[PDB]
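Take any residue in the sequence shown, count from 1 to its spot, add 193: that is its number in my numbering. Each residue gets a CB set at the ideal place from its N, CA and C atoms; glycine is no exception.
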Amino acid sequence: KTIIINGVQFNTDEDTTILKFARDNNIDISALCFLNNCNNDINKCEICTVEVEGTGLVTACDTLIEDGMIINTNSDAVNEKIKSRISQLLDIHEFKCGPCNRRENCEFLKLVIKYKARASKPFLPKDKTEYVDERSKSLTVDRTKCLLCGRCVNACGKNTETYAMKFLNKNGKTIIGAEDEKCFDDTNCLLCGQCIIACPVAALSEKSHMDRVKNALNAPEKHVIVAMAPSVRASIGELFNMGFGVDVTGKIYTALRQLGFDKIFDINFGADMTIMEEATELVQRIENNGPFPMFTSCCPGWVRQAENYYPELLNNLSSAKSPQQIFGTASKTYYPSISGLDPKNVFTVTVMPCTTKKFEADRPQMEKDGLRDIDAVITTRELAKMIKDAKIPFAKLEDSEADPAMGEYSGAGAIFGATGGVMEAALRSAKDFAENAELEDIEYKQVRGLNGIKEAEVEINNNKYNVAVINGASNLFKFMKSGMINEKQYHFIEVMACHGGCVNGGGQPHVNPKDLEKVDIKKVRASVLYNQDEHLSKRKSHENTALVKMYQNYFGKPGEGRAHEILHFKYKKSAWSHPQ
Ligand code: 402
Ligand code: SF4
Ligand code: SF4
Ligand code: SF4
Ligand code: SF4
Ligand code: FES
Ligand SMILES: [Cl-]
Ligand SMILES: [Cl-]
Ligand SMILES: [Mg+2]
Ligand SMILES: [Mg+2]
Numbered sequence: 194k195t196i197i198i199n200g201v202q203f204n205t206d207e208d209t210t211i212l213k214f215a216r217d218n219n220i221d222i223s224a225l226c227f228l229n230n231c232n233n234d235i236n237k238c239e240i241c242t243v244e245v246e247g248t249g250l251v252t253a254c255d256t257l258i259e260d261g262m263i264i265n266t267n268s269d270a271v272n273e274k275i276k277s278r279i280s281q282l283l284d285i286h287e288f289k290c291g292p293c294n295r296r297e298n299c300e301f302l303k304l305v306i307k308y309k310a311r312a313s314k315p316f317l318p319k320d321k322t323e324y325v326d327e328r329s330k331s332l333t334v335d336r337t338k339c340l341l342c343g344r345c346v347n348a349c350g351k352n353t354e355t356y357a358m359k360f361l362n363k364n365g366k367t368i369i370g371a372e373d374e375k376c377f378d379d380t381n382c383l384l385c386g387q388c389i390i391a392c393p394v395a396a397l398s399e400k401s402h403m404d405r406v407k408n409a410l411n412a413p414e415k416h417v418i419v420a421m422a423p424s425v426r427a428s429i430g431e432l433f434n435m436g437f438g439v440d441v442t443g444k445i446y447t448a449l450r451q452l453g454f455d456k457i458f459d460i461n462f463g464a465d466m467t468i469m470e471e472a473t474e475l476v477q478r479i480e481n482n483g484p485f486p487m488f489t490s491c492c493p494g495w496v497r498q499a500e501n502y503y504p505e506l507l508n509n510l511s512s513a514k515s516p517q518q519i520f521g522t523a524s525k526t527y528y529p530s531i532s533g534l535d536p537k538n539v540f541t542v543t544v545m546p547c548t549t550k551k552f553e554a555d556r557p558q559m560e561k562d563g564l565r566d567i568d569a570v571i572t573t574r575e576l577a578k579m580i581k582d583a584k585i586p587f588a589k590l591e592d593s594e595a596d597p598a599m600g601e602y603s604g605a606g607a608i609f610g611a612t613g614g615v616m617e618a619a620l621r622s623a624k625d626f627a628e629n630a631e632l633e634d635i636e637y638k639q640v641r642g643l644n645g646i647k648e649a650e651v652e653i654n655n656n657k658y659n660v661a662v663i664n665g666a667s668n669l670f671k672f673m674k675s676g677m678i679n680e681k682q683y684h685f686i687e688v689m690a691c692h693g694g695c696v697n698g699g700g701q702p703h704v705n706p707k708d709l710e711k712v713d714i715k716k717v718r719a720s721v722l723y724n725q726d727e728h729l730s731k732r733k734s735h736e737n738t739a740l741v742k743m744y745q746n747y748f749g750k751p752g753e754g755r756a757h758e759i760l761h762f763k764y765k766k767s768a769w770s771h772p773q
């Protein structure tokens, strides 16, 4: 194939699009609706317009290169077309970046600047309430910003296969939203937030908990605990121009103290408690020859997927609470017992890479004696904004430590945030538990990485067991619908709704599509966690000294008695009824 682009000749055997070939050869072509290898088929943005001699204007993102093509990417006709499309988008866009939560990393703003585009008539809605949906516990929609690019719809389809995000006809007007314009929570939506991650603008956002947090911090009698997820320390530095794959654990602890939090703990401590309980439950099932398989229960997007599509599996979920909720439960029971705090005055905040965790924390029954396990959940993005609003020089902060009593963590907890991390961590303990041993070989590399469905055979007390790691909600559907769950007897299955694990959660920093082709974000974020595991002295959850003290002095033996009564949560399918 001989191709000429802007007067430059190329000879290639590639079968690809103009857009992909140009970018591979360092020729600039803009794009908007193209992402995840698809564009908006029914309302093409045409920001990728180029001129093909003899054909006319074409969309580079979905036109294959062909021998004999002469292409111009930067002619007057091309730039006029692109400018006109951006101007038409501005006609339906509330262009007020000052107070906008994407002001610092908005893809639309970059295009507006690049093409010097302007609205024909500014869009200045007086009553935004009709454009905004804040009913959800996890997601919010601001349609004054929506470009109808379809990236959320395509991303939902690709990442979850639920198609919970849809194009809708709202009284003759095209919008995106949930089925029948319902609250997302009331549909089959997983609340995973992958649609947010795909959005180029501030149209999709997380449900804010920042007022909950600030009110608690400012309340004189509230003792505000904060604890961050495994993935936050591998990610948040991106929002302070520190690059990708930077471990910023110690700076986070310092920043949270400067924000006024009263105690600095860590969800990785909760990850070690989840393993304590779940590895014990696994050994119990092994000893009772069932029931099998046991599924993890720590990802609430997967729990929603089971509730909404596979309710027959709810009884197979581990009853261990997730790290967030198990930590929260202990923060209202154990922590008062070692601090003197009145439990009613403890206010527990988590920082998580996840929108779904807000829904999980707000589940009616996630409480005891009138005290919520978790009172507020802020995303990685929300914490970044609080740090910047406080004018805290994050990149320059010195490292501090967490408060140890609920802040120490093992290497097993540290890797929870990557796909296969829970599996690996759980096996390190279940194997020791079952064989009553302190095994030296603890690295389960077979369950790691970005393969969508991963299986391994493991030997526990000279018996072979089958495990699987399901990496992304679409892969859960593939595993079940294809009958793979029936090709062998599985005994323990990890499921995460977000491909890559929580490092790719719906509350994480947005990454520019061009940056995404330069950096493998899922692997680079995950690398921070595996590195911590490698360099930590304790690499099994049951070797966490602060956790052992907790169980010895307060909860007793895991998996039974007090621990089971307090630290577990069972999901139940609805009983048969007619009509459905
Ligand atoms: N609860 C909890 Fe988890 C832990 O520990 C997080 O905090 Fe995850 C992360 N990072 C998130 O969100 S949830 C699913 N299990 C894997 S990791
Ligand atoms: S979405 Fe982007 S272009 Fe629109 S107001 Fe916010 S920052 Fe500005
Ligand atoms: S939250 Fe997840 S399941 Fe729901 S619409 Fe967004 S991508 Fe789809
Ligand atoms: S919500 Fe965001 S991703 Fe979805 S169509 Fe609107 S601008 Fe595009
Ligand atoms: S994989 Fe992690 S970030 Fe994604 S929905 Fe599950 S818990 Fe949340
Ligand atoms: S980027 Fe090609 S049509 Fe939208
Ligand atoms: Cl509930
Ligand atoms: Cl402490
Ligand atoms: Mg297409
Ligand atoms: Mg205070």
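What residue from 721, 447, 537 and 738 has the CA that sits closest to residue 437's CA?
Your numbering for residue 437 matches position 244 in the sequence shown. Per the Cα distances, 721.
Return the residue from the list 236, 605, 226 and 257 that minimises the CA-CA distance to residue 213.
Residue numbering aside, residue 213 sits at position 20 when the sequence shown is read from its first letter. Checking every option, the nearest Cα to that of residue 213 belongs to 257.
Rounded to the nearest angstrom, how far is the Cβ of residue 351 from that of residue 667, given a contact under 8 Å?
Taking the sequence shown and counting its residues from 1, one reaches residue 351 at position 158. Taking the sequence shown and counting its residues from 1, one reaches residue 667 at position 474. The pair is a contact, with the Cβ atoms about 7 Å apart (cut-off 8 Å).
DSSP on residue 208, reduced to helix/strand/coil?
Translated into positions along the sequence shown, residue 208 becomes position 15. Coil.
Taking buried to mean at least 16 other C-beta atoms within 10 Å of its own C-beta, is residue 676 buried or exposed?
Walking along the sequence shown from the start, residue 676 turns up at place 483. With fewer than 16 Cβ atoms within 10 Å of its Cβ, residue 676 is classed as exposed.
Going by DSSP, what residue range makes up the beta strand (DSSP E) through residue 361?
Here residue 361 is taken as the residue at index 168 of the sequence shown, counted from 1. Element bounds for residue 361: 359-363.
Please state if the CB of residue 695 and the CB of residue 423 are separated by a distance shorter than 9 Å.
The residue you call residue 423 lines up with position 230 of the sequence shown. The residue you call residue 695 lines up with position 502 of the sequence shown. Result yes, Cβ atoms of residue 423 and residue 695 sit closer than 9 Å.
Suppose you measure from the CA of residue 282 to the CA of residue 414; what does that come to, to the nearest Å?
Taking the sequence shown and counting its residues from 1, one reaches residue 282 at position 89. Taking the sequence shown and counting its residues from 1, one reaches residue 414 at position 221. Cα-Cα distance, rounded: 49 Å.
Scan the stretch 317-364 and note each continuous beta strand (DSSP E) run of 3 residues or more that stays entirely inside, going in chain order.
332-335 and 359-363
Work out the CA separation of residue 697 and residue 441 for me, nearest whole Å.
Here the question's residue 441 lines up with position 248 in the sequence shown. Here the question's residue 697 lines up with position 504 in the sequence shown. Going from the Cα of residue 441 to the Cα of residue 697 covers about 17 Å.
Burial state of residue 728, where buried means 16 or more other Cβ atoms lie within 10 Å:
By one-based count along the sequence shown, residue 728 stands at place 535. The residue is exposed, with fewer than 16 neighbouring Cβ atoms inside 10 Å.
Identity of the residue in 219, 723 and 691 nearest residue 389 by Cα:
Here residue 389 is taken as the residue at index 196 of the sequence shown, counted from 1. Taking only the C-alpha atoms, the option nearest residue 389 is 691.
What is the DSSP secondary structure of residue 297, reduced to helix, strand or coil?
Here residue 297 refers to the residue found at position 104 of the sequence shown. If DSSP states are grouped into helix, strand and coil, residue 297 belongs with coil.
Taking only heavy atoms of ligand 3 into account, decide whether any of them is closer than 8 Å to the Cβ of residue 689.
Numbered from 1 along the sequence shown, position 496 holds the residue referred to as residue 689. For ligand 3, not one heavy atom lies less than 8 Å from the Cβ of residue 689.
Would you list the residues sitting across from residue 518 in a DSSP beta bridge?
Here residue 518 refers to the residue found at position 325 when the sequence shown is read from its first residue. Its beta-bridge partners do not exist; DSSP assigns none.
Which residue wins for smallest C-alpha separation from residue 246, given the options 235, 237 and 268?
Residue numbering aside, residue 246 sits at position 53 when the sequence shown is read from its first letter. Closest option to residue 246, Cα to Cα, is 268.
From residue 555 to residue 259, what does the alpha carbon distance come to, in whole angstroms?
Here residue 555 refers to the residue found at position 362 of the sequence shown. Here residue 259 refers to the residue found at position 66 of the sequence shown. Distance between the alpha carbons of residue 555 and residue 259 is about 55 Å.
Return yes when the Cβ of residue 335 is within less than 9 Å of the Cβ of residue 396, no when it is not.
As a working note, residue 396 is residue 203 in the sequence shown. As a working note, residue 335 is residue 142 in the sequence shown. Closer than 9 Å, so yes.
Look at residue 734 and residue 460 and say whether their C-beta atoms are less than 9 Å apart.
One-based indexing of the sequence shown puts residue 734 at position 541. One-based indexing of the sequence shown puts residue 460 at position 267. Not a contact, by the Cβ cut-off of 9 Å.
Nearest residue (CA-CA) to residue 648, options 233, 634, 607 and 678:
Position 455 of the sequence shown, counting from 1, holds the residue named residue 648. That would be 678, whose Cα lies nearest to the Cα of residue 648.
Separation of residue 527 from residue 535, as counted between CA atoms:
Taking the first residue of the sequence shown as position 1, residue 535 is located at position 342. Taking the first residue of the sequence shown as position 1, residue 527 is located at position 334. Rounded to the nearest angstrom, the two C-alpha atoms are 11 Å apart.
Use the C-beta contact count for residue 779: other C-beta atoms within 10 angstroms, 16 or more gives buried, fewer gives exposed.
Outside the shown range of the chain, which is 194 to 773, sits residue 779, and nothing can be said about it.
Let's test the definition: count the other Cβ atoms within 10 Å of the Cβ of residue 412 and tell me whether it reaches 16, buried, or not, exposed.
Here residue 412 refers to the residue found at position 219 of the sequence shown. By the 10 Å Cβ count, residue 412 comes out exposed.
Tell me which residue opens and which closes the beta strand (DSSP E) that residue 389 is part of.
Looking up residue 389 in the sequence shown gives position 196. Not the beta strand (DSSP E): residue 389 falls in the alpha helix (DSSP H), residues 387-391.
Tell me, to the nearest whole angstrom, how far the beta carbon of residue 240 is from that of residue 304; I am working on the premise that it is less than 8 Å.
As a first step, residue 240 must be located in the sequence shown, where it is residue number 47. As a first step, residue 304 must be located in the sequence shown, where it is residue number 111. 7 Å between Cβ atoms; contact.
Exposed unless 16 or more other CB atoms sit within 10 angstroms - verdict on residue 525:
Within the sequence shown, residue 525 is the residue found at index 332, counting from 1. Its Cβ being crowded by 16 or more others within 10 Å, residue 525 is buried.
Once DSSP output is grouped into helix, strand and coil, what is the label at residue 784?
Any answer about residue 784 is impossible in this case: the structure gives the chain only from 194 up to 773.
Considering only their Cβ atoms, is the gap separating residue 587 from residue 433 smaller than 9 Å?
For this step, residue 433 is matched to residue 240 along the sequence shown. For this step, residue 587 is matched to residue 394 along the sequence shown. Yes. Within cutoff.
Between residue 609 and residue 329, what straight-line distance do the alpha-carbon atoms span, to the nearest angstrom?
As a first step, residue 609 is located in the sequence shown; it is residue number 416 there, counting from the start. As a first step, residue 329 is located in the sequence shown; it is residue number 136 there, counting from the start. Roughly 27 Å between the two C-alpha positions.
Distance, residue 497 Cα to residue 386 Cα
The residue you call residue 386 lines up with position 193 of the sequence shown. The residue you call residue 497 lines up with position 304 of the sequence shown. Approximately 13 Å between the Cα atoms of the pair.
Out of curiosity, what's the CA-to-CA distance linking residue 220 and residue 603?
What you label residue 220 is simply residue 27 of the sequence shown in a count that begins at 1. What you label residue 603 is simply residue 410 of the sequence shown in a count that begins at 1. Cα to Cα, residue 220 sits roughly 47 Å from residue 603.
Nonlocal neighbours in the same chain, by C-beta distance under 6 Å from residue 551, ignoring five residues either side
On the sequence shown, position 358 is the one that residue 551 refers to. Hits under 6 Å: 330, 331, 400 and 570.
For residue 761 and residue 584, the rounded distance between their alpha carbons
Here the question's residue 584 lines up with position 391 in the sequence shown. Here the question's residue 761 lines up with position 568 in the sequence shown. For residue 584 and residue 761, the distance between alpha carbons rounds to 40 Å.
Strand pairing of residue 540, partner residues [DSSP]:
In the sequence shown, counting from the first residue as 1, residue 540 sits at position 347. For residue 540, which the question treats as bridged, DSSP gives the partners 417.
Secondary structure of residue 685, DSSP reduced to three states
Within the sequence shown, the letter at position 492 stands for residue 685. It is a strand residue.
Per DSSP, residue 399 is paired with what?
Along the sequence shown, read from residue 1 onward, the residue named residue 399 stands at position 206. Residue 399 pairs with 332.
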